[PDB]
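Let me begin by presenting the structure, written as structure tokens, before commenting on it.
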Amino acid sequence: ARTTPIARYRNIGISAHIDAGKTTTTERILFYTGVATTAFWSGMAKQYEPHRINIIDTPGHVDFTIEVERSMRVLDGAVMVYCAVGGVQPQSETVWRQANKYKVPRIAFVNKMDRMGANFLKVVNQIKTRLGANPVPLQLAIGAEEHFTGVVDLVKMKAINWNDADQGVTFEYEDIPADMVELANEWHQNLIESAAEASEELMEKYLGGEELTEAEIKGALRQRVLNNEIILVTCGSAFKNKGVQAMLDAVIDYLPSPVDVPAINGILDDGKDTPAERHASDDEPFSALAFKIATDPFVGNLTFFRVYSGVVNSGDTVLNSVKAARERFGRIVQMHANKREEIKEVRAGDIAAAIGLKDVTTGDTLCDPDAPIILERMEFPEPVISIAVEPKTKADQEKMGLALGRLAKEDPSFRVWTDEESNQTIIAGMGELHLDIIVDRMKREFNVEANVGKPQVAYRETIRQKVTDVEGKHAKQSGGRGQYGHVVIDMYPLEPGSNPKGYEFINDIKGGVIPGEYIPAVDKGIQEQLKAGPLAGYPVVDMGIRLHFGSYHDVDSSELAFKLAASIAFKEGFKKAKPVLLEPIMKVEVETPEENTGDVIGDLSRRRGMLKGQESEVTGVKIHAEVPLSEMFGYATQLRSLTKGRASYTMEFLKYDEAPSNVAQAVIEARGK
Amino acid sequence: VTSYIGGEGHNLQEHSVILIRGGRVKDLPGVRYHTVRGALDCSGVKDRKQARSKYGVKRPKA
Amino acid sequence: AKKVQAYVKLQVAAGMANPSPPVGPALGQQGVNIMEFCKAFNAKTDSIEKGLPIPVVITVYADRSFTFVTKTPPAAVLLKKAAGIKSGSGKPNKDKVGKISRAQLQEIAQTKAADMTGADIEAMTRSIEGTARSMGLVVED
Ligand SMILES: CC(=O)O[C@H]1C[C@@]2(C)[C@@H](C[C@@H](O)[C@H]3[C@@]4(C)CC[C@@H](O)[C@@H](C)[C@@H]4CC[C@@]32C)/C1=C(\CCC=C(C)C)C(=O)O
Ligand SMILES: Nc1nc2c(ncn2[C@@H]2O[C@H](COP(=O)(O)OP(=O)(O)O)[C@@H](O)[C@H]2O)c(=O)[nH]1
């Protein structure tokens, strides 16, 4: 029974730079349609059969662009929202590159045409010049700012005027304003020329002076959008309510259905990585991608999944091929217009959520157990900022682990580990505003009382002076039998990192002054003292010890007596050897626009960052600097402030250098206190 | 109570829902309960093909 | 050539490749390609001997094309070439680095009068006398 063709499905993302107006445009959509959300659209003139629009509203911030990446990958088409005043933003370029990576056929909506400085054609030219795109206006704005009244449809060559009294639910077709007729004819010719380029037949008609029909123009522009050759540009502004309705008609006319998109690539679970495809059909084996996990207070884990092939029912044991885990599907609803119609028939093209999946993560493939496939995996970027989180109480201690676990499950770009040296819980994320939201959820949804600090710098200990002839004599001949042990050691610094063990032991015992059986106990006594340095109780590194002189007693000498002597000798020698506190240094790489370059280093200089050099790149300059871990905290948001949000840094542990005398001494004193 | 960790190397991170079973080790006074290395936070332990039921390892590949 | 707004005289070498990292300086608050440079220098490299950094300019025209401004291996690195002792700068007056004859520069001043442009071959000799003592040299026949 032919019900609603999958060719009527529009799986679309609304994507924009932070602060551009995209969910208000979506709220306008829901109002006009009748209502991840499903909506139904029949056209602003009711000229279309009912189309199913599944909308994913993607975050504007770059701290949550990981969600945008997941969405873009799982979606068919996109609506790119631009501010008429601000135009193409640095963050728009990031989202634009992500949509290019996934080859998402997309259109453009120039919103905020009611604000001061609104300029449609300026934004069209910025899409061309900054994004390297081919923008083709479908519409022209009638007026600007407070004088924005409507739009010209360049396909129909008519003005669209929306009724302000019904919030734009009704519209009239008018003749083009007399001051715009010349400009409308110019852009109509540019639109027809852009349509004619879609095929040799349409190019011949156009060059022959034959007028293209509205159906040929629409079909030709659709083909090129699907090919990602052009971007169709629409305009309009809500509040007075304009554009959205005609942008929704452009979604039907020009954006892909699930059958217009290439088959999804995957790998067979045969151990040979055999390539396979899944076509957008109900008659194919079931395959779906889990793309979002949300924690719900009432139903537990919601796993959002997009079906690409086949059909599944609410309550169907499928196979999580990625995690090799048979997962019985839970309760599955669907946002049928306003209601949440529980669907027991998730067909190809549909987006739904399952309740109570246990071993499913974002990026997992859910498939038919009799036809295993792994759909292509999501690569998750490495976290760029880390902070220490400490529980206030012991109740908060266990609760913290639980809360952070849930947050790491729903958001892979969020990492949590315990630092083995500090025993602090370290959390890491895709920016500090990202970490701020994570902390807020932890101390609200889960209400876990925690302090936010900085990852403790891994302080080390070493000497800066050879000391010779250091006597250690454990002579405890008391309490029954005596315990005699006597060693003489030299202590000397090693070059930093010259020994992968951080420690050298030289046995230079001559004359059997110490029996060879006790020499391992002396070394073990030193190695235990290396774990807790005599200066501040940090591990001692980059040190050599030569045992060359010693003495035993035939009855009273013990293995651990010589280990006690070794510790005495070590503690006395270490204090004479001018002990110092060490530091880690981090190799930092910053990618920035050439005009923002200066600011980056100004701050890095205050952060004790020894700028090694620079590699002027295409974006601008790739500056390299040696910056202490202590000064590499809170840099994500600071960089975002200096560079207006167009810079990305990386950092790696470089080497164990010497902390500046001031820094080292200050910490030594604080630790002693 | 104080529990005991089986196997020879765990997968622990100090906040981990682990399961408890009876049994006194006779060697640590005050440790009276074993853990299960096959249940809920301790997976099939490393490098073992015999008595797989204890320490929870599944049967090997072939 | 063009205005001094697309002016950086640079290029210590050609085989070290990229003139963007430390080796090649500048490339800051200016904006231009980097591999688009040494290809015209690749038809130009094999006349210059290495160890002799030649000053050329990234002169960018108004239509995105840029080539270089050839001015011959100069005073400083030829006294690290024709004498045989490198930079060592700072000590003209402390200890003896090297004395250079009168005619040892005049034979390469004809090459250096295509590098230096005040007027003449003889007239540029007393500025080969310049940076030599800043490198630390002394000069007498
Ligand atoms: C508009 C849109 O769709 O994104 C919204 C939706 C948003 C990504 C929200 C930020 C953040 O709570 C998000 C997390 C990770 C919060 C923790 C969990 O509950 C996740 C299951 C949840 C997913 C969606 C959600 C609720 C958004 C914002 C608005 C917050 C503004 C900022 C940056 C301070 C966003 O980042 O833009
Ligand atoms: N006047 C006017 N205001 C708008 C328009 N679109 C959005 N806004 C306002 O701008 C704000 C941002 O909208 P939102 O959709 O949250 O932006 P997003 O962050 O891009 O999703 C909202 O509070 C809206 O009231 C518009 O077309 N006209």
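Numbers run from 1 along the shown chain.
Per the header of the entry, the method used was electron microscopy, 4.5 Å.
Placed from the backbone N, Cα and C atoms, the Cβ positions cover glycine too.
Copied over from Swiss-Prot, here are the features:
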BINDING   A:16-23, A:57-61, A:111-114  GTP binding site
MOD_RES   A:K473  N6-acetyllysine
MOD_RES   A:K612  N6-acetyllysine
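Structural mapping of features recorded in Swiss-Prot.
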{"residue": "A:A16", "record": "GTP binding site", "Cβ neighbours (10 Å)": "25"}
{"residue": "A:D19", "record": "GTP binding site", "Cβ neighbours (10 Å)": "13"}
{"residue": "A:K22", "record": "GTP binding site", "Cβ neighbours (10 Å)": "22"}
{"residue": "A:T58", "record": "GTP binding site", "Cβ neighbours (10 Å)": "23"}
{"residue": "A:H61", "record": "GTP binding site", "Cβ neighbours (10 Å)": "19"}
{"residue": "A:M113", "record": "GTP binding site", "Cβ neighbours (10 Å)": "27"}
{"residue": "A:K473", "record": "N6-acetyllysine", "Cβ neighbours (10 Å)": "15"}
{"residue": "A:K612", "record": "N6-acetyllysine", "Cβ neighbours (10 Å)": "14"}
Rounded distance in angstrom between the Cα atoms of A:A16 (GTP binding site) and A:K473 (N6-acetyllysine): 74
- line: Students should find that the Cα atoms of A:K612 (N6-acetyllysine) and A:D19 (GTP binding site) sit apart, in Å rounded to an integer, by 37
Message: Running a distance check here. Ligand 2 versus the recorded positions A:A16, A:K22, A:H61, A:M113, A:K612: which have CB less than 6 Å from one of its atoms?
response: A:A16, A:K22
Message: Which recorded positions from the set A:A16, A:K22, A:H61, A:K612 have a C-beta atom lying less than 6 Å away from ligand 1?
response: A:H61
A:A16 (GTP binding site): secondary structure state under DSSP, collapsed to three categories: strand
Query: According to DSSP, which kind of secondary structure is A:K612 (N6-acetyllysine) found in, if we only use helix, strand and coil?
result: strand
Task: To the nearest whole angstrom, state the Cα distance for the pair A:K22 (GTP binding site) and A:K473 (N6-acetyllysine).
output: 78
- prompt: If one measures from the C-alpha of A:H61 (GTP binding site) to the C-alpha of A:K473 (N6-acetyllysine), what distance in angstrom results, rounded to a whole number?
  reply: 66
- request: Determine, using Cα-Cα distances only, which of these binding-site residues is closest to A:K473 (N6-acetyllysine): A:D19, A:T58, A:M113.
  value: A:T58
